[PDB]
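In what follows, a single structure is set out as structure tokens and then discussed.
Cβ placement follows ideal geometry from the backbone for every residue including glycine, while neighbour counts extend to all protein chains displayed. Each answer follows from the model by the rule given with it, or from the source it names; nothing here is a laboratory result.
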């Protein structure tokens, strides 16, 4: 089905994948050929007792197994080539659209969800498609090979087991249908289990506060019981298959035994031939078992890949070209501003008009049910313009190049995110260059955060391995302030945190922000008194 | 190893594993017996051209596959009985000690970590141990019965393949050590990539603000290529495992044929017997490859189970025995109980050996690194105070009513992570104690929560599936206030935030809090001067 979208993404790499099947084909050869040697092994090695000829066979078996080996080698190798490269380009395009996704994309999801999606589902698409081809190639090779074996051995028993093939196959199909139909809603209750445990863990505070230990343990117990029972159902149903499969498969073999009646009274063949027939039967039963599950589970894979596409096929940041905006100061203007993050709410700014002049910064307004803070993120256009008007120097909504804005605007927040690099370069993120560490050094002096860097390792170029989680929030605030210093961004957004900081930290931040509001209009949210 | 710890937890269910092993031995019996009846085929059905046995044996095969079926039935069944029961009790005691876990030791890890621990590690211990037993028992019975088959057919070729098998096992041991090292490396590398991807994702806001997206793409692609190569080498080695095994196995078969040529002198065996030997040998090659990595795999399960035990055997909530069921009020009298949940900076706060006045509530004070809410958490003692106890009214941490401390001292919070139950009983989380739903209505009246009942279904007994995420935080705080009303806590703690609420909401809330401040000393996180 939706392979019409993958095959192109794989098309440049087709050749190697192709190679796989070739070797995979030889697998059956080996299999068949190994089984083939049974005829001379038995019917000639002891029918004719060519004791000497028996020395030919072993070297063959060895070579054939070596063929199995090398074939498996290249199978795994090229299949993994494809698997990787596909996962590669896939996750690349993901990362892309993730970037292209406006932050709204995160309003309806969580990080962990996207981590899971990207990593797991990516790997699963490739693993699926791979095993699909792997097994499919074997089916196209083992089945027909053993068929030819029986053919050049007995047209008759061939005919029989062929007439039997539909029977066993449809049996497998229907029992697999039973299986999957039982596996519809299990995920629901399993996630219910996980989520019950989850909410209890999250709420341990309230839990202890009320000490509902007994009630919650009772809940937990019912949950565990449902877990036990549904797991029982799962494993039972799944297990029954092979019996049922082999059971009816039995009769097939038994019907092959029923060749006692018809062709054996005609002295059908020799013993070793029949040994080949039955060994071949069992061989079939390996990929026979495969085929159906192949179709099903790899349809599942392709469906996961369809989910992936939908994530990609989802619309990126809706930008018809925010044109070109030169870096500039100017003034911020609020003409008839109204905005609702979802439709769930009413206009956050209820038709509000404001003017924030050049360099004349503006602090956290004091109000009730404001939320302007997130509205600053909309001044950064992280979500969609809902209504109203936010103007920059006589220019309407989307004359505003996202890149140009994020350059010219700045954001300082209580929340700060760090990145496993040199914290200096983490500041330098504006192309990570064009700003000598010397300039970064003086910024740190202006950031007043070099004091912490003294405690930090790797000196002035502190490489924050695993981000150096020990780095306090206010340190990160000074970090972002230094970043702003490097960007000379005419527009700033600020925030005051109070987790654990010192008079030196807060007051040096005050001074820094003071210089920042100069020549560059700032937006602030603070808990101080006069400010 | 720690089976010394598991075997008791399973002992009430020995019979399960017992009948499991019985069935598994019967399964091996079925296998061996099919392979055996292979012989009389060639003995008479082609040697003497018999039909009698040529019809007998069909029915035999049928019944024997039915035995495979029923054996698999009870195997899966009882083994799952045990797996479940174990997981059940395991997760049970895991909740238990998990409730007796200090809040700090939560904050040592993350919630998701514990979710994974419980769910996965439980079911993984189960699956591991189960498959371990299944294998060891099947494998053993299969190998021994096949040995017997060869024995009553050829002392000689038996002897040979006996001498041979250890070599196979050693080759497998080597490849499994390769597995060990490549596996630890693979775990390291996949941890790396998931960390990088996530840490990039979370920063989307900042990533945009700096708009360095190309750099993120670069890092993404680097780690992607690293993953490509890592998985490449991983699957490479894991594949290469098989061919080496099958190759040396082939060499073994070759020696078997060298044998066939050496008693080619005597030529005692029958084509049947030959077929039996080789078929059985391939059989072996299934359980051998299994059992080796099985005896390896004990650890995996037992390793996770040891982690579990450590969680159990970790420091549960250590109280010298709190007791004190009776309720009252008295007053609060802290006795130097230290703060250093994460021992990083230094120990700082109030240090009062003093006492707190009755009736009068408690508000919020502003100081650097005050940590009031968590200082309140220690005031509530539900977080582990680092040192000492608390002689309240001359009565220690437990001499004053610790468990009842929850009843005596209320803990309202801004974020009320509620539970997937009836909002009515959500108020009665504390093991509903004949809090008449009439009292629920009247409290919601005293709380001014009756309006949110209209927002919900299920009459005045509103129920919230998935907590009814529709509910905004403010009315949940109001619910918790009503709960405090129900528990008639003379002492309380409250919480005021400013995420999103209305004027009338905050007003009626502060009215209800005054009522709570009335004749009940509380601790109130607030942004106002009402206190």
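Before moving on, here are some points about what is shown:
The rows are residues; the columns are (1) loosely packed, with under 14 Cβ neighbours inside 10 Å; (2) assigned to a helix (DSSP H, G or I); (3) not assigned by TED's automatic domain parsing to the domain that holds residue A:39.
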| site | (1), (2), (3) |
| --- | --- |
| A:138 | no, yes, no |
| A:143 | no, yes, no |
| A:146 | no, yes, no |
| A:160 | no, yes, yes |
| A:163 | yes, yes, yes |
| A:168 | no, yes, yes |
| A:171 | no, yes, yes |
| A:175 | no, yes, yes |
| A:179 | no, yes, yes |
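- Scanning the stretch A:107-118 for residues being free of Cβ contacts under 8 Å to residues at least 12 places away in the same chain and either at the interface with chain B (Cβ under 10 Å from one of its Cβ atoms) or assigned to a helix (DSSP H, G or I) (or both) gives a total of 5.
- Taken together, the residues in the stretch A:17-26 that are closer than 13 Å to residue A:139 by Cα and crowded, with 21+ Cβ neighbours inside 10 Å amount to 1.
- Residue within the stretch B:387-401 that is surrounded by 22 or more Cβ atoms within 10 Å (Cβ to Cβ), in contact (Cβ under 8 Å) with a residue 60 or more places away in the chain and at the interface with chain A (Cβ under 9 Å from one of its Cβ atoms) present: no
- Qualifying residue in the stretch B:431-438 (condition: surrounded by fewer than 17 Cβ atoms within 10 Å (Cβ to Cβ) and touching a residue at least 24 places away in the same chain (Cβ under 8 Å)): yes
- Taken over the stretch B:484-515, the criterion of being without any contact (Cβ under 8 Å) to a residue 60 or more places away in the chain and closer than 23 Å to residue B:428 by Cβ is satisfied by B:485, B:486, B:488, B:513.
- Of B:199, B:213, all but one fail to be under 30 Å from the mean Cα position of the chain (by Cα), surrounded by 16 or more Cβ atoms within 10 Å (Cβ to Cβ), more than 19 Å from residue A:87 (Cβ to Cβ) and within 9 Å of another protein chain (Cβ to nearest Cβ); the exception is B:199.
- Only a single item in (1) over 22 Å from residue B:317 (Cβ atoms); (2) in contact (Cβ under 8 Å) with a residue 12 or more places away in the chain is not met by residue B:425, and it is number (2).
- Filter result for the condition that a residue is facing chain A (nearest Cβ under 7 Å), surrounded by fewer than 17 Cβ atoms within 10 Å (Cβ to Cβ) and over 30 Å from residue B:198 (Cα atoms), over B:242, B:221: B:242
- Residues located in the stretch A:394-423, provided they are farther than 30 Å from residue A:334 by Cβ and out of contact with any strand residue (DSSP E or B) (no Cβ under 9 Å at 6 or more places or on another chain): A:418, A:419
- Helices (runs of 4 or more DSSP H) contained entirely in the stretch B:413-531, each with at least 2 residues that are closer than 23 Å to residue A:200 by Cβ and within 14 Å of chain A (Cβ to nearest Cβ): B:423-427, B:473-487
- Note on the stretch A:230-239: among residues that are farther than 30 Å from residue A:283 by Cβ and more than 8 Å from chain B (Cβ to nearest Cβ), the one that is surrounded by the most Cβ atoms within 10 Å (Cβ to Cβ) is A:230.
- Between A:318, A:355, the distinction of being loosely packed, with under 14 Cβ neighbours inside 10 Å and either free of Cβ contacts under 8 Å to residues at least 12 places away in the same chain or part of a strand (DSSP E or B) (or both) belongs to A:355 only.
- Test: residue in the stretch B:362-381 that is touching a helix residue (DSSP H, G or I) at 6+ places or on another chain (Cβ under 8 Å), away from chain A (no Cβ under 13 Å), surrounded by 12 or more Cβ atoms within 10 Å (Cβ to Cβ) and part of a loop (DSSP other than H, G, I, E, B): no
- Only one of the numbered conditions (1) farther than 25 Å from residue A:503 by Cα; (2) buried (at least 18 other Cβ atoms within 10 Å of the Cβ) is not met by residue A:477, and that is (1).
- Top-ranked residue of the stretch A:256-277 - restricted to ones that are in a helix (DSSP H, G or I) and at the interface with chain B (Cβ under 8 Å from one of its Cβ atoms), ranked as nearest to residue B:124 (Cα to Cα): A:275
- Residues within the stretch A:246-255 that are more than 7 Å from chain B (Cβ to nearest Cβ) and crowded, with 20+ Cβ neighbours inside 10 Å, tallied: 2
- Test: residue A:134 is over 22 Å from the mean Cα position of the chain (by Cα), in the same structural domain as residue A:261 (by TED's automatic domain parsing), more than 30 Å from residue B:468 (Cβ to Cβ) and part of a helix (DSSP H, G or I): no
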